[PDB]
Structures are given as C-alpha cells and as structure tokens.
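> Sequence and experimental coordinates follow.
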Amino acid sequence: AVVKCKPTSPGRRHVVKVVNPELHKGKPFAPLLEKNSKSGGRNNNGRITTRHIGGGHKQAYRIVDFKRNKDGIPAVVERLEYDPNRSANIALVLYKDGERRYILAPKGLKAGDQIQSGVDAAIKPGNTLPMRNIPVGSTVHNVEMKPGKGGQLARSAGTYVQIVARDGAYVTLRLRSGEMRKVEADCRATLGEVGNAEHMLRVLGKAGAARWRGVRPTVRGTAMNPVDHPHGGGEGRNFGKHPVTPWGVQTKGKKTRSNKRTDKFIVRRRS
Amino acid sequence: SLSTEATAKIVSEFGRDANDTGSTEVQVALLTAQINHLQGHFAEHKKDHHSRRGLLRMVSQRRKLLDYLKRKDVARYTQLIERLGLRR
Amino acid sequence: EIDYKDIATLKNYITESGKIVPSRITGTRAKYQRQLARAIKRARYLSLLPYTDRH
Amino acid sequence: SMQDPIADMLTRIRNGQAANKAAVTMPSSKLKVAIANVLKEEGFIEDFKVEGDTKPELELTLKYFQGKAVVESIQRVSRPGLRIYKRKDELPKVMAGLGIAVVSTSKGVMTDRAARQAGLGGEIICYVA
Amino acid sequence: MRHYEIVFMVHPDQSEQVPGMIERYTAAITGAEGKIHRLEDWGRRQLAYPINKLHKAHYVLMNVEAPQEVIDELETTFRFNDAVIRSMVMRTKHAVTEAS
RNA sequence: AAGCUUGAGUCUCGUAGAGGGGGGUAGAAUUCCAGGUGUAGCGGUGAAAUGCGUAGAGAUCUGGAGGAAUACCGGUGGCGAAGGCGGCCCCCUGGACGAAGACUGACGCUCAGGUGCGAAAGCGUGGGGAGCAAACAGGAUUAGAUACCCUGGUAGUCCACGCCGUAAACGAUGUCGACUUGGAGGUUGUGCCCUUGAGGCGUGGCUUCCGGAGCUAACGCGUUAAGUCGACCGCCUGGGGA
RNA sequence: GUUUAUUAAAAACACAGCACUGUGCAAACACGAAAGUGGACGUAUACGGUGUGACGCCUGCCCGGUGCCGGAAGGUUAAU
C-alpha cells in the first residue's frame, strides 16, 4: 500500500511512502552480507567520474542469487524483508539440508511454500524450468537469456517480461522498455511477476529526503561559471546555443548505441 | 436460492410443533439465513447491484417482521434475537 | 435442439457462398432458422464446423 | 392499495346503471348490507341477496320500471380523510327535496328524515335522488 | 454428484506421452470421491478447418460424475500442458458406461 | 386488549429470459513487419486536387505481429430498477411465473431528508492505439472558406480501476388497488380426453398493433386507459429579462 | 534550507514535483597519456545529458536557417 502524511508542520503533507503490513524484519544473514562502501564519484585515478553525489547515510549490500545451481533439491521461503539495494524486496530461502540464500521476491508476499528447479517443475511461483515447456502468451519473470550472466531482466519493483511467440529451438520476449528480443527456448525461467510494484508512486515531499541517500543538489550549466560548464552563467535567461554535455558535445536526439554484437537478437527496437 | 435441505436445519430449530413455517419467528430465521448467505456471496466480487438490491429487499422484509414480532410479543422477540445476530 | 453435431446433415442447410439456406427454401418454421443458427454456433465452438469461408 | 370498502361501492352502481345492467355485485361488509337495507326500504332498489363461503358477495337489483332508470342521482358525500358532519337542522335536503341522504348516527344507519325525526345529527354516508 | 463428459484433444504427434497426464487427471476425480464411467478413446479424427497449423486431434473422454466444487480447479489442469489441449467439459446430460 | 382471514407473505414439484458479476473463448480486414512475382499506375469527387508511387506502389502471395468488437439467427421477440443488455462454454446470483396444497394472521399502500445506481462526453494514475475522428495542417472551392466536400491526423473511443452524477434518461403519462366491449398476434408455464394425439377442449404470467363506451382544446389515452374512483408523495401560476 | 573571513544577503540559488533526450546492460557516459575504477555488484518501477520549480487549475502556430532522426534510390564527391 501507499500512505500520505498529515500536515503536522510545513510541507510534510506531500510525503507518500510504500507500506506493507506483512513485510518482515530482522537481522541480515552475515555470509550473504557485505558493507560494500561508498563510491562518492571521487576517483582513484584522478578527477571525478560522476556528478550529483556526496554524503548519504550508511548502507550495506545483501547478496542475491541469479545462478540457481542447486537442482532437484526442495527449498522453503522463510521470510520476506525490506531490501536497501533493490526496490523489488528480497526473500530468505532455506534448503532441505541447511543452506540459506537470498532470492528475488516472487509474488504473494508469503513464506512457507517449497520450490524446486529442473527440466520440469511445478506451476507455482519460485519454481524454475525452460521456456520450451510453455505454450507462450504469459509472464516469464527473470530469464537466463545468456547462461554465462545468470538470470537477466526484470529485477526492480513490479517489473515483468512477456513471452510472445515460438518456433522450434527459439522464443521471443517483449520488455517494458520498448525493446523485443529472441532467445533459445531451453533458457531457464521462473514464471510469473515481481512483487512490490508501488515504488514509482513514492513522493519525497522534502528537500532533505534525497540528501540522506547521498544525492547532491543539481546546479544548471547556464548558471555556473562560463569555464566550469560549456553553457556558462548569464546573460540572464538566455541559454544562447544548442544544448551540450559538460564535455562540450551535442547529445539531444543523437543515438549512441555502437555495440553491433547483440542487434541480431533484437527483433523490435526501442524508439 | 436456498435448498429444502438447508431449510431442514432452520425449521427444525426455530419451529415448535410443525408445521410452524408460516410464523414470524421462522420467517425471520429463513430471511436471516438468506441475508447472511447473500452477504457473502460478496467479497470476492462487489459490482452487482441486482443481488445487492435483493439483499436489501430481504433486509427490508426482516426489519419489518422483527418490528412486527416486537409489536405482538416482546418476550418472543427477545428470545429470537439471541439466536440470530442483532445489535451485537 | 437435435442431432446438431452431424455435419453430413448440417451441410444440407449451408451454402457454397459461405452463407445459410433460407427457411423459405427448406420449407421450415422461423424457429428452425434459429435452431439452425444455434446448431452452426454450437458446431463452430466444438471444432465440427468452420467459422468462415473464402478460398 | 385498498383503504375504504365504500370507495368501490357506488362506482359499480353508477357505471352498471350506465351499462344498462339489471343487477350489480360487490364484496360484502356490515355497512354495505346496512346501506342496502335502507335503500330497499326507501324503494331505491328492488331486492338484495348475499352469499359466499370463501368470500361473501352481495348482489342488488336495479329499478328501470319500463325502461328509464328510477334512481336519478347516486352520490357519496363525505370520505374518511375529510368527513362531513351535520347537526339536527343542518341535515341536507338532497336535490332540493327531490332526493334523500343517509347518515350513520349513534343509533345506526338511517335516513336524514329518521335523524331529523329523532332530533339528532351525525356523519353523512350517501346522497341519492 | 454432477455429470461432466470431459473430452480431450490430445496432440496427433505427441499421444506417446498421454498416459502420464491421464494418471494425474483420474487422481483428481478419485480423490474427490467421483465415479468414472468409461475413460475411452474415439481415436484420431479430422478437424473442420486447420487451427494452430493442425488439422487432426486424438479424442479421449472420461464421464466423471464429480462434485460440482472441483470444476474451477480442474478446467485449468489441461490449459497450459500444450500436449493435451482444447478440452471441453460438457456439463450434465448424464453418462454412458463402459462404451467407446 | 381479546379473536380471525378468503388483505399481504413464503414454499414442496417445476418455467423462460441479449439482466448482472467472475472466468474465459473464437474469427476477419484497413494496419504494421521481412521479402518475392511485377510495371506505372494508385487514391478520390457533383466536378478536381493535395496526397500515395519507380526508394518498385496499387494489387497478389509466404511467414508473423497489433487492437477492437462479437456478423448469421434477430422477429411477430425477451431481460433489467432505470441507464442499458445478444456469441459459445464453465461457475456465482437478484427478481418474476405455473401446477396441486399449506403455515402465519393486517405483518399492508405511500414517503420529506436519506441510502445506492450512469448513457455519451469530461477529470485522475499507468498502459493502449487497426478503424472512426474533434483540434490541426493541407487540397481546395469561393467574392472570402477560417466550414460543407476530398488527403493526412492527435485528443477521445479500449483496459486496470478511481471519480463525475447528468440526457429528447421519451409511449415527454409519479407510486399503489379495484371495476369493466373486443379483434389480430407474439412469448412462457400448465389443467384434461387410452393426450393411445399429430389433434381437440381449456387456463395463469408477460406483451405488440388496430380500436369501442368514457376522457381530452386537439392530437392521443383507450381494461397494460390520459377511463371509473380512492390513499400518499413530488410540483405549479405569462414570455423578453433569467 | 544555500549565498563570498573585515562596505554589496535578497526577489538570486537549491528543494517536493514537471518535460524532453541518450541507455538492453560487458548500458550509455566519465576520469585515468593507463594499469584500473566510477557508472552499479543498481538492470527499464534502473542509470547518463539539459531545462522547469511545492501545491490547485494549465500548455497556439513555424522544420526556411543551425542541430538531430527515418530513407538510402538519386545528385554532389575525396584519398584511391
């Protein structure tokens, strides 16, 4: 759900956050935790690499699995908790001999069901099998499109992948980005959707609410000193020339894809 | 839509000498049994104003038949609304 | 209403033009043309009859 | 739906007389058979008969003599929502004395004559000529 | 208990798998205290026009006399299997025993 | 207060329906996508012209994507509180209606303010985009054309829902009950004659057209009455202004 | 809230939210004469570029020029 704050003091009325009464809490599982450290855009080799970054309150990384290697063993969901690294939230899983793993949340917000993987697996969430099994026209979840990179796509809150068509050794997938791609039917999929799906509804309401996440204020190129951005300070409200990067180059509408190695797998292109 | 087999569990308890099924004490129970069944029914589903008006018709008749029973004998009224859910 | 799954019977009531034989031509009452239209729809949604015509 | 047994009593007679019918029938009540007994005594009808084990129904016979209807006015006057009450000298002279009125009274249904003779008044029920 | 004929369109080239589906569909009827009347084939038949590139189907029918409360958890079991497809449940109208 | 039922109600075995809700579930062309075969035509009007087309159009095929609505029967017809609603198939469900009986015992009729509904269009958050098309840009046409008519085309139409509450919401007839000339016809139960039944004799529910006594200024209403009469509610006293 | 140490303090600046543009991820992008790292152990409910300025009601026309995209058939045309 989403909930809105009362006007107790100025501006606070705008604040809207995601709340879930079934969402659990506790301590992270230490063998799948690392402190990960802040990067701050300040550079090991010289001058800064990134912009609009500074400060932010302490965070750690919970290590999530997209390899799903323990085949033919039933595992149980133990708890679903708030995650600081991805908006989908992350669940804790216990395997039948004692191993514990963190997984991308299946839909249902619930724990206690048992899941398997193979060439054939139950129709339920969290169970994984190859897309060659299914008659298409459905949701496939996170998909192992390239074995050497694990389960790809649809990792953020409420994200989804539609399987559109099939023939022989291949199938086609359509994405909420505007791109459509072709893959081998033998590629592993977990089926269904990602949970949460409310993260885009959040309204910060306050000018400090991104500051505690390390987000630095944005100063305009046409307002800062003429040597410190290619646009340069006014000359009030008169931008002058065509928009460019801080590095002096035109960008608007100019396509920058140069990959050339995966375009044969893209059957309909993002506009 | 309530079976002769479901009424067999109402007219058995709310009766007294048989046949009593025309009496207010038994018809308020038969209306309550239909109201409480057609209450759910709803959830899942909501968007059906026809069966919603059917429910409110059965409630409209029950409100009147309760008021009428109370207007004949208060003790026979109070000894019914401890066996059917009313006023919490 | 009766025997509507038999296509060797039903093809006596539908045309090469991809249409229906009029009740004026079969000599039948108005509600037989309804019984025939229901037989056609009940054969379509049972894989006994095609939905459409053309080559 | 139905509130007053007299609100469908006299319509039957006024409409049946217009249809040229010799008898008119109605559902029976205490006041309907009390009015009929006085309308026979004053000669406005020939006879009346009442029968029924499921519902008692009352049939009265109309006068036409040799063809022309004998009752030249048939009116109600008074209704339960707005009743008319007349005192011992305020009792009416219907059709300027060519007709009569019927009253209920404390002594039971009678003519405006019988009421004025009894030196009393009461509530109106019928007007006739 | 309520009548249903339950007639399958088994795939004309994949009927070599079908006994494993049947043994899981019959289980849902016996568990529910239903009563199977025939469980018999009509065999391979032609279709009226070609659908999903197929012009044939392999026909098998149950006649189950089953509890009415099972239907919405039964009609889904032959809906995503893609080797037993295009099933009709055919409610009421009684059951023929033991016949083809 | 005491007593009733033949006012009102519910029901045994049973009846039709494009009513609602949830599920599904199926087909076609303008379109889009990758090409072939192939040459200068296509498109369109009362006339024409922008425009589509030699980058190979239009059309004709192969293999494929996308969106909406549900052809036929369909009407003399049903249902729904109205507004509205037609597919087949599987659930969930309101109301009405018949046969042959019975148990209560005035429990009825109406209703301010409430308590709940929505056709098109509109507002919100996220998707959606074949066809139709406000706006818009052209072709024109013309004295002018800001429009008709022709070429393109976004919003809007669809869906998750959440809002909005208005209509020529119209047979312009408030709700409720009784009494009473019909004909023709549709639609759905049903009593009876070995239905030995195709037939015949009846009888409830719903309802269309033609119209008679009555009503009405007139047209119409006309047993489903604007009639005959009663209970209650909602309204109202000239346009131009408003 | 931010705004320059000892004459120039606010209407300028930032902010909640708004739009456009590049990005299918070994992203695009950046720093590093690089080894490498940051982008991010984030994956389209996610990141890079530029403007707007909470909240409520809101958004006309012009593609000649200068940029960018779709088409590459035709023209212009270089080293070769």
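All right, it came through fine. Numbering: from 1, shown residues only, chains lettered A, B, ... in the order given.

> center of chain A - which residue?
With distances taken as CA atoms, centre = their mean, residue A:156 lies nearest the centre of chain A, 3.4 Å away.

> what does stretch A:251-262 rub up against?
The contact list for stretch A:251-262 (CB atoms under 8 Å, 6 or more residues apart in numbering or on different chains) reads A:242-245. All C-beta spots, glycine's among them, are computed from the backbone N, C-alpha and C.

> Out of those, which are close to chain E?
The subset of the contacts of stretch A:251-262 within reach of chain E, by CB under 8 Å from any CB of the partner chain, is empty.

> most surrounded residue in those residues?
Tallying neighbours with other CB atoms under 10 Å in any protein chain shown puts residue A:244 at the head of these, with 15 neighbours.

> What residues does residue A:51 make contact with?
A:41, A:216, A:246.

> now swap in residue E:81 and tell me
Counted by CB under 8 Å, 6+ apart, residue E:81 has contacts residue E:21.

> With the one 5 residues further on instead?
Applying CB under 8 Å, 6+ apart, we find residue E:86 in contact with C:47, E:8-9, E:57.

> Nearest to chain C: which residue in chain D?
residue D:1 (40.4 Å; CB to the nearest CB).

> Neighbours of that residue, how many?
2.

> can you check residue E:92 too?
Neighbours of residue E:92 (other CB under 10 Å): 9.

> for residue E:78, same thing?
Residue E:78 has 20 nearby residues by other CB under 10 Å.

> Same question for the one 4 residues further on.
A count of neighbours around residue E:82, defined by other CB under 10 Å, yields 15.

> For it, give its distance to residue E:51.
14 Å (CB to CB, to the nearest Å).

> Same check on residue C:32?
Separation of residue C:32 from residue E:51 (CB to CB) stands at 30 Å.

> Equivalent analysis for residue A:207, please.
Relative to residue E:51, and taking CB to CB, residue A:207 is found at 61 Å.

> For chain C, see how far away the residue in chain E that RNA strand F sits nearest to is.
Nearest residue of chain E to RNA strand F: residue E:91, at 3.6 Å (CB to the nearest atom of the strand). Residue E:91 sits 14 Å away from chain C, going by CB to the nearest CB, to the nearest Å.

> Tell me the secondary structure of the nearest residue to residue A:90 once chain neighbours are set aside, please.
Leaving out its chain neighbours, the residue that sits closest to residue A:90 by CB to CB, 6 or more residues apart in numbering or on different chains is residue A:83, at 4.2 Å. Three-state assignment for residue A:83 (DSSP: H, G, I helix; E, B strand; the rest coil): coil.

> was I right about residue A:83 contacting residue A:91?
No - using CB atoms under 8 Å, residue A:83 is not in contact with residue A:91; the gap is 9.2 Å.

> Show me which of these two is the more surrounded one.
Neighbours per residue (other CB under 10 Å) separate residue A:83 from residue A:91, with residue A:91 holding more: 24 against 18.

> ok, and the closest non-adjacent residue to that one?
Per CB to CB, 6+ apart, closest to residue A:91 is residue A:80, 4.7 Å.

> Now do the contacts for that neighbour.
Contacts of residue A:80 (CB under 8 Å, 6+ apart): A:22-24, A:89-92, A:105, A:109-111.

> For residue A:131, give its distance to residue A:185.
Where residue A:185 is concerned, residue A:131 sits at a distance of 5 Å (CB to CB).

> what is in contact with the two at once?
What both residue A:131 and residue A:185 touch, as defined by CB under 8 Å, 6+ apart, is the set residue A:171.

> Looking only at neighbour counts, state which of those two leads.
Under the criterion of other CB under 10 Å, the comparison of residue A:131 against residue A:185 puts residue A:131 first, with 24 against 17.

> ok, that one touching residue A:172?
No - under the criterion of CB under 8 Å, residue A:131 is not in contact with residue A:172, lying 10.2 Å apart.

> what residues do those two have in common as contacts?
With CB under 8 Å, 6+ apart, residue A:131 and residue A:172 have common neighbours A:163, A:183.

> And residue C:25, how close does it get to residue C:51?
23 Å.

> out of these two, which sits in the busier spot?
residue C:51 (12 against 9).

> doesn't that one fall inside a strand?
No - applying three-state DSSP, one finds residue C:51 to be coil, outside a strand.

> residues contacting it?
By CB under 8 Å, 6+ apart, the neighbours of residue C:51 are C:44, E:49.

> now residue A:140
A:131, A:134, A:161-163, A:173, A:189-191.

> where does it fall, phi/psi-wise?
Taking degrees, to the nearest 10, you get phi -110, psi -10 for the backbone angles of residue A:140.

> hey, where'd the helices end up in chain E?
Applying DSSP state H to chain E gives helices spanning E:18-30.

> hmm, the lengthiest strand in it touching RNA strand F?
If you go by DSSP state E, chain E has its longest strand at strand E:40-51. Yes - using CB under 7 Å from any atom of the strand, strand E:40-51 reaches RNA strand F at residue E:51.

> what pairs with that strand, and is each one parallel or antiparallel?
strand E:54-61 (antiparallel) (DSSP bridges).

> Identify the bridge partners of the closest residue to residue A:40 other than its chain neighbours.
Excluding the flanking residues, the one nearest residue A:40 by CB to CB, 6+ apart is residue A:53, at 6.0 Å. Counting by DSSP bridges, residue A:53 forms beta bridges with residue A:215.

> OK, contacts around residue A:53?
A:39-41, A:214-216.

> I'd like the distance between it and residue A:244.
Taken as CB to CB, the span from residue A:53 to residue A:244 is 21 Å.

> circling back: which ones are touching the residue nearest to residue A:90?
Residues in contact with residue A:83 (CB under 8 Å, 6+ apart) are A:62, A:89-90.

> Output the residues you listed as a markdown table; include the columns neighbour count, secondary structure and distance to residue D:45.
Converted to a markdown table, the contacts of residue A:83 look like this (neighbours: other CB atoms under 10 Å in any protein chain shown; DSSP: H, G, I helix; E, B strand; the rest coil; distance: CB to CB, whole Å):
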| residue | neighbour count | secondary structure | distance to residue D:45 |
| --- | --- | --- | --- |
| A:62 | 18 | strand | 104 |
| A:89 | 21 | coil | 94 |
| A:90 | 20 | strand | 99 |
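
> got those as CSV, with distance to RNA strand F columns?
Below are the contacts of residue A:83 laid out as CSV (distance: CB to the nearest atom of the strand, whole Å):
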residue, distance to RNA strand F
A:62, 28
A:89, 20
A:90, 24
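
> just those now: which is nearest residue B:85?
residue A:89 (40.6 Å; CB to CB).

> Which one's more surrounded, residue A:207 and residue E:51?
residue E:51 (15 against 9).

> Would you mind confirming that residue A:68 makes contact with residue A:151?
Yes - using CB under 8 Å, residue A:68 is in contact with residue A:151, at 7.0 Å.

> Please enumerate the shared neighbours of the two.
In contact with both residue A:68 and residue A:151: residue A:188, using CB under 8 Å, 6+ apart.

> Fine, thanks again, bye for now.
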